[PDB]
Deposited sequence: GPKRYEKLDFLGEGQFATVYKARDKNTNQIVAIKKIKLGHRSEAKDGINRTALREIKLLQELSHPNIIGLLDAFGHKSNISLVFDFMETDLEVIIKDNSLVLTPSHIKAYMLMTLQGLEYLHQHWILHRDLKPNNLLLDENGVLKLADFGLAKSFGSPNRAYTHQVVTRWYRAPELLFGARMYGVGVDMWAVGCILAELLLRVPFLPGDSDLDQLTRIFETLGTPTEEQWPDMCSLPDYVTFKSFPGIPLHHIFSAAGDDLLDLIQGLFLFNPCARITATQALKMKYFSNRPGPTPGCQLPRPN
């Protein structure tokens, strides 16, 4: 029922192809990989937010149809020819946080936030992807997960948002750990080792271990081109206590989003 146009990329997780719609000639992408599946599929079809990937139709052979996107935030970040102005970063952050807020309001965690999961269309609209039921990521992993927490919440997605913000500002991954232990070392060397005051109940985590006491590097020295409003946003996203860490609604109300300059409109966002 769909007209296969091109080959975008393949993997054991999903087989992605570029295709055209046979009802309204709209270019869409298809991910080819049941009563229990329909329960999750109809819930995903019921979701509707401009900054969240839309599930238009499905196919028995597990085939899912979503809107077509040009690139993701990873392609943009790696493009040396592209220049990310403060207004460009603010636009990507506003869209990411607006999409995350919708998911959290509907009790859905992304669980895998990273640049290649924030996709962009021809009109400069960011949409989150890869969050519906499981049928490199260590760099964006929150410290509670690295200490083996089995029960977790919104802080897991919020920490990853801070890592994406830091990657837009530095143009390289913020904390590129070589292992789960090195990831915790990089977090503590950079942000400081948390105390029982900063993170109460840290010692009760399943894989809790005592690290060397690091003072940390002041956020203003790390992000030398950031203003005080942006430094406050970064500080809230990287609080050690998962309960104290800023939520998507709290982040959207920060003075950063209401201050000048404003976000770059979609049509003016850089395209590769």
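Novice: Missing CA coverage against the deposited sequence, listed in sequence order.
Specialist: Since the structure holds only modelled residues, the stretches it omits are 1-3, 37-48, 75-77, 154-166, 304.
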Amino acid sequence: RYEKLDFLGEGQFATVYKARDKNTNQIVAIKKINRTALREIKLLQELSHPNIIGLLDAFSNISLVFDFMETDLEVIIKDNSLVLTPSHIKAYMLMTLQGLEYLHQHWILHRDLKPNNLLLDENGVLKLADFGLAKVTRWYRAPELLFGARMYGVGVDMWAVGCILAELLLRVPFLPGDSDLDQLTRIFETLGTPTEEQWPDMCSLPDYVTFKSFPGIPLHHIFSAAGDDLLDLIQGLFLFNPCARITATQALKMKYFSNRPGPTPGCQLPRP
From here on, numbers count along this sequence of modelled residues.
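Novice: Averaging only over Cα atoms, indicate whether 154-162 or 173-181 has the higher B-factor in the PDB entry.
Specialist: Per the PDB record, 173-181.
Novice: Quick one: higher average CA temperature factor, 96-104 or 195-203?
Specialist: The deposited B-factors put 195-203 ahead on the C-alpha mean.
Novice: Per the PDB entry, which option out of 33, 230, 244, 209 has the greatest Cα B factor?
Specialist: Out of 33, 230, 244, 209, the record gives the largest C-alpha B-factor to 33.
Novice: Thinking about Cα B factors across the chain, which third does residue 217 belong to?
Specialist: Answer is middle: the recorded C-alpha B-factor places it there.
Novice: Mind checking which third residue 240 falls in for C-alpha B-factor across the chain?
Specialist: Lowest third, going by the recorded CA B-factors of the chain.
Novice: Sorting by Cα B-factor within the chain, modelled residues only, which third would residue 121 end up in: lowest, middle or highest?
Specialist: Within its chain, residue 121 is a middle-third residue by C-alpha B-factor, going by the deposited values.
Novice: Where does the C-alpha B-factor of residue 253 rank in its chain, lowest, middle or highest third?
Specialist: Residue 253: CA B-factor falls in the lowest third of its chain.
Novice: Pull the Cα B-factor of residue 90 out of the PDB entry and bin it into the chain's lowest, middle or highest third.
Specialist: Lowest third, going by the recorded CA B-factors of the chain.
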